[PDB]
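here goes the first bit of my complex:
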Amino acid sequence: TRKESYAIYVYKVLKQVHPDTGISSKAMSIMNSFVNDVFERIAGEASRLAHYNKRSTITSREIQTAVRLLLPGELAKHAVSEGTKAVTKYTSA
Amino acid sequence: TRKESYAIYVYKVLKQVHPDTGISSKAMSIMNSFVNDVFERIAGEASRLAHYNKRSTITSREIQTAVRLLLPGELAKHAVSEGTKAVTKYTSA
Amino acid sequence: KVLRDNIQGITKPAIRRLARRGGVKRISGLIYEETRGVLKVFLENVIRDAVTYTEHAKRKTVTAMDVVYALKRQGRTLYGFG
Amino acid sequence: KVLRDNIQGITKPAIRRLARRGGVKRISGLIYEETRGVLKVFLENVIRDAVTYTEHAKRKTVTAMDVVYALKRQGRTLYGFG
Amino acid sequence: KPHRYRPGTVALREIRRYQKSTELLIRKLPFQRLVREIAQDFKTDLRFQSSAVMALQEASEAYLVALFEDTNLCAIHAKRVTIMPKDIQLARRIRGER
C-alpha cells in the first residue's frame, strides 16, 4: 500500500536552506503532520470564507486573505509575497 | 430577499414545552444563531470523521458518533435516544 | 477626519462599573490604562481580522457577521446576529 | 483481567520529576493524589473520545490517530504521528 | 451629623445591582469613536453597522468582565481585596494571552 508523504520535499527544502544539516525521521514525520495540520487549517478557513461569500469556487485571493487571518503579522506579509511570486511565476508560464 | 430561519419552529417547540410564554425577537435570533452553531459543529465533525474513515457518505451512525463526541453524558445519551427513535419512526414508513 | 486618543475616552467610572459587574471590591489605579491597553490589544485583532473579511468582501462598510466569524475563528463565538 | 488502582502506580518521585521539569522547587504532599485525579480527569476525556473514534472505526484496537483527532478536537493537537 | 456608609458597602451594592442588571456599562459614542480610530489604522474611511459595533462592544465588555472576574479570583488566591496589575498580566498568561 502506497502511503504518500513529503519527506522528499522537506528534505529538498532542508538542503535548499541547509545542505549540511541532517534530519531525523521522528522530526521528519513531525514536519509532515504539522504541514498537514496547517494545510487543513487554511483549507477550512478559506472554504468557510468562500461559503460566506457563497462562492462555490476557491481562488488564490481567498488563500491570501485566510493566511493573513492565520499568520501572526510579518510572516503573512513575507508569506504572501512569495505566494504572489509563485502565481506570477506560474501566470508568466 | 428570501431569508430562511427557524424562529417559527422555535415558537412551535416552545408552545410544545411552554404554551404560556413569550420571547424577545432578540432571544429568538440568539437561539437561531445557536442552532446554526451546533449544526455547523456537528456537520464539520461528521465530515472530518468520515474523512478519517475515508467515507463519502455521512449517515446516522456518523451522526450519533459525532454527537457522542460532542455532547456530554446524559445530554448525549438523551440526544442519541431521541435521534434513534425519530429515524426509527421515519423508517417505519 | 483623523481620530485619536479615544482609548482614554474609556472612563475610569466605566472601568469600575465593569469591575463591579465582575464582582470586584477594591481596585488600584495602575489597572485602568493597563486595562485599556489590553482592551485595545484585544480589539486590535478582531477589527483587522473583521475588515480582513470585509477585505475579501470587497466592501467599504463593515458588518457584524465579520466579527461573528472572527470571534468564531478567535474561539469566542457570539450569538444573536445571524 | 480486570484492572484497578494503577492511578497510584504514578510514583510521587515521578510527579516531582515532572514538577522539576516544570521548574518547581518546593511541593506539598496534598498535590500528588490531587494531581493524579486531574490526570485521570484529563485522560478521562480523551481515551473515551479516542475510542469513540474507534467506535466509529468499528475496530477493536485503538490507534494514535484517534488521540490525534481527539487532541485536535480538544484543541491540544500534537505532531509526529501521521 | 452626616452619614457615610463603610467602604465597599456602596460598591458591594453596585456589584449586586450590576449582576442584577444586564445592559451595557459603556457609553456608546466613545466606544464607537475608539473603534473607528482603531479601524483607520488598518484602513481609513471604513463604514460600520450599528449592529456590528453593538456586537463589538458587547463581546468586548463580556471578555472584560470575564477578565475582571478571574482576576478577582486570582486576587482571592492573592489574599487581597485590592487588585494588582500583575494579577491581570498573569491571568492573561494563564489565558494564553502572552
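Sure thing, it's come through. Residues are numbered from 1 along each chain as shown, chains lettered A, B, ... in the order given.

outside of stretch E:71-82, which residues touch it?
Outside stretch E:71-82, the residues that touch it by C-beta atoms under 8 Å, 6 or more residues apart in numbering or on different chains are C:19, C:22-28, E:8, E:83-84, E:87-88, E:90-91. All C-beta atoms are positioned from the backbone trio N, CA, C, and that covers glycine.

just those: which are in helices?
Under the assignment DSSP state H, these contribute C:19, E:87, E:88, E:90, E:91 to helices.

report the central residue of chain E.
By C-alpha atoms, centre = their mean, chain E has its centre lying nearest to residue E:64, at 3.8 Å.

who wins on neighbours among the ones in helices among the contacts of stretch E:71-82?
Using other C-beta atoms under 10 Å in any protein chain shown as the neighbour test, the ones in helices among the contacts of stretch E:71-82 are led by residue C:19, with 29 neighbours.

quick one: buried residues of the host helix or strand of residue E:73?
According to DSSP states H and E, residue E:73 maps onto helix E:50-77. For helix E:50-77, the neighbour count (16 or more other C-beta atoms under 10 Å in any protein chain shown) marks E:52-61, E:63-65, E:67-72, E:74-75 as buried.

what is the burial count for the closest residue to chain D within chain E?
Chain D sits closest to residue E:96 of chain E, with a gap of 10.5 Å, by C-beta to the nearest C-beta. Neighbours of residue E:96 under the rule other C-beta under 10 Å: 6.

swap in residue C:74?
Number of residues near residue C:74 (other C-beta under 10 Å) recorded here: 15.

how about the one 4 residues further on?
Look at residue C:78: counted by other C-beta under 10 Å, it has 19 neighbours.

hey, where'd the helices end up in chain C?
So, for chain C - with DSSP H - the helices run C:12-21, C:31-57, C:64-73.

would you turn the ones you listed into JSON lines with distance to residue A:4?
As requested, the helices of chain C are exported to JSON lines (distance: least, C-beta to C-beta, whole Å):
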{"stretch": "helix C:12-21", "distance to residue A:4": "53"}
{"stretch": "helix C:31-57", "distance to residue A:4": "31"}
{"stretch": "helix C:64-73", "distance to residue A:4": "29"}
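
put chain F onto that model:
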Amino acid sequence: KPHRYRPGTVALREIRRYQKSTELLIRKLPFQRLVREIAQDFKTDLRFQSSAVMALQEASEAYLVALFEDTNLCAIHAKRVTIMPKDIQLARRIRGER
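Putting chain F onto the chains we already have gives this:
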C-alpha cells in the same frame, strides 16, 4: 563530616537537567496499565498501538508540565515557593477546566 547540599539546590539542578533533557519522566508500563484500566471503563478488551500509547503519555506529560509550569507561576503570584492545591485548582479554573 558528612556534607549535605542546602535544600532546593539539588532539586534546582534537577530542574536544570530536566529542562536540559527531553525524554519522558514516567515509567512506561505503569502508564500503560493505567490507560488500559481507564479503557475497560468505557469498553473492555480493547487493544492499542505502542505508538498510540506513547502519544498518550507524551501528550499527557506535556499538559502536566504545562500545568506545573503555570501553577509555579501562580505560586510566584502567591509569593510562595511551596505549591498549594488551590493553586492547581484555580489554574484549571483559569484554564477553563472547571
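
please re-evaluate the neighbour count of residue E:96 in the presence of chain F.
Residue E:96 has 9 nearby residues by other C-beta under 10 Å.

check residue A:90 too.
Neighbours of residue A:90 (other C-beta under 10 Å): 9.

what's the helix or strand for it?
helix A:74-91.

the residue nearest to the centre of chain E: what's it in contact with?
For residue E:64, the contacting residues are C:18, C:22, C:35, C:39, by C-beta under 8 Å, 6+ apart.

swap the cut-off to 6 Å and go again
Residue E:64 makes contact with residue C:18 under the criterion C-beta atoms under 6 Å, 6 or more residues apart in numbering or on different chains.

quick check: the closest residue to residue E:83 other than its chain neighbours vs residue F:72, distance?
Excluding its sequence neighbours, the residue lying closest to residue E:83 (C-beta to C-beta, 6 or more residues apart in numbering or on different chains) is residue C:27, at 4.9 Å. For residue C:27, the distance to residue F:72 equals 27 Å [C-beta to C-beta, to the nearest Å].

okay, those two: which has more neighbours?
Using other C-beta under 10 Å, the more surrounded residue of residue C:27 and residue F:72 is residue C:27, with 23 against 20.

sorry, back to before: how about the residue nearest to residue E:83, phi and psi?
Per-residue torsions, residue C:27: phi -130, psi 150 (degrees, to the nearest 10).

repeat for residue A:71
Per-residue torsions, residue A:71: phi -100, psi 150 (degrees, to the nearest 10).

before we move on, back to that, angle of the helix holding residue E:73 against helix C:31-57?
Helix E:50-77 runs at 140 degrees relative to helix C:31-57, counting by axes from the mean of the first three to the mean of the last three C-alpha atoms, to 10 degrees.

closest residue of chain E to chain C?
Counting by C-beta to the nearest C-beta, chain E gets nearest to chain C through residue E:68 (3.1 Å).

OK, contacts around that residue?
Counted by C-beta under 6 Å, 6+ apart, residue E:68 has contacts C:19, C:22, C:24.

sequence for chain G below, add it please:
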Amino acid sequence: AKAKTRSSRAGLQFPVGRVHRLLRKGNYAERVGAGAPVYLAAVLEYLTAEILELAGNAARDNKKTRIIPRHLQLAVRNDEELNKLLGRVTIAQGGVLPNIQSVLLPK
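Following on from the chains above, chain G is added here:
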C-alpha cells in the same frame, strides 16, 4: 507532448498537482482556483523553510547534523510569531525550553 510539472513551472518543490488532488478530495469548494494550489504550496514552502532553518540553527548550535525534535521545540518556542502560530500545539519529544523564574534563584 512536452511535459513540465506545475511545480517546475513555479520553480518550487511542493507538489502542486498532489496538493490540488488533495484539496479536491478534501471537499471544501466545488470549483477551485488553479493558482490557489501554487500559492498555498509556496506559503508552505516558506514557513517550512523558516521552521527547519531555526531547527538547523539549534542543531548545529548543538553540533547536531540530524535535527532532533527537541531542536524543533526550541525553535518553535523561541520565535514569537511561530510560537503564537503554534501556541496550543504540542510536539512529540518536545520538552520545555529553558526557563527559570527570578525568585527561583536563591539569594
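
the neighbour count of residue E:96 again please, this time with chain G.
Quick note: residue E:96 (other C-beta under 10 Å) scores 12 neighbours.

ok, it to chain B distance?
Plainly put, residue E:96 is 22 Å away from chain B if you go by C-beta to the nearest C-beta, to the nearest Å.

now residue E:31
20 Å.

find the nearest non-adjacent residue to that residue, please.
Nearest in space to residue E:31, with sequence neighbours left out and distances taken as C-beta to C-beta, 6+ apart, is residue E:57 at 4.8 Å.

one more: residue G:86?
With C-beta to C-beta, 6+ apart as the criterion, residue G:86 has its nearest non-adjacent residue at 5.5 Å, and that residue is residue G:76.

pretty sure that neighbour sits against residue G:85.
No - Residue G:76 is beyond contact range of residue G:85, at 8.3 Å (criterion: C-beta atoms under 6 Å).

more neighbours: which of these two?
Neighbour count, other C-beta under 10 Å: between residue G:76 and residue G:85, residue G:76 has more, with 22 against 18.

any idea whether the more buried one is helix, strand or coil?
Here residue G:76 is recorded as helix under DSSP: H, G, I helix; E, B strand; the rest coil.

got the contact list for it?
Residue G:76 sits next to G:82, G:83, G:86 when contact means C-beta under 6 Å, 6+ apart.

how many other residues sit next to the residue of chain C at minimum distance from chain E?
Chain E sits closest to residue C:22 of chain C, with a gap of 3.1 Å, by C-beta to the nearest C-beta. By the measure other C-beta under 10 Å, the count of residues near residue C:22 is 20.

who touches it in this structure?
Contacts of residue C:22 by C-beta under 6 Å, 6+ apart are E:65, E:68, E:69, E:72.

over to residue G:90?
Residues in contact with residue G:90 (C-beta under 6 Å, 6+ apart) are D:78, F:59, F:62.

touching, the first one and residue D:70? I think so.
No - under the criterion of C-beta under 6 Å, residue D:78 lies out of contact with residue D:70, with a separation of 9.7 Å.
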